[PDB]
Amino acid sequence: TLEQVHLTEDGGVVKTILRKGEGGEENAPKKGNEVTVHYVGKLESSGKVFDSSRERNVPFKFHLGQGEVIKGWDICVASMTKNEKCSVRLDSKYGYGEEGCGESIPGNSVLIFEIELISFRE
């Protein structure tokens, strides 16, 4: 019943909106903007959480579209609007690829992130 939006043509970044954000230009973030989000990241296969800003109780901030984050994140957040909450499924291409990252992210891992866009600014 919830729509799944394919943000790439290879099925590699698939976003499901769990809560719609606010409409209007003033509510969609722009390339380079500092975006403030909460996220929980888990492996698709095991469901094991590898990283969470919610566990930190500190909103995470990055500069949109500049490669400060994995590519699936730049693509997913570019599609979001203020207050939007989503679950995105990232193929390893859009994640940490063949080699993974640390113990908690094996090579060739599909990652599932719940991401809430809290605010942004220039």
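Each form is matched to the other, and the largest set of C-alpha atoms that superpose within 1.5 Å is called the rigid core. Residue positions are given as counts along the sequence shown, with the first one as 1.
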Out of 109-117 and 20-28, which one drifts farther from the shown form in 5 other deposited structures of this protein in terms of CA positions, with the fit done on the rigid core? 20-28
On average, which has the higher Cα B-factor in the deposited entry, 69-77 or 39-47? 39-47
Looking at the entry, does 18-26 or 95-103 show the higher mean C-alpha B-factor? 18-26
Lowest, middle or highest third: where is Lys61 by C-alpha B factor in its chain? lowest
Assert third(CA B-factor, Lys82) within chain per record equals highest
C-alpha B factor of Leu2, ranked within the chain: lowest, middle or highest third? highest
With respect to C-alpha B-factor, does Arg89 fall in the lowest, middle or highest third of the chain as deposited? lowest
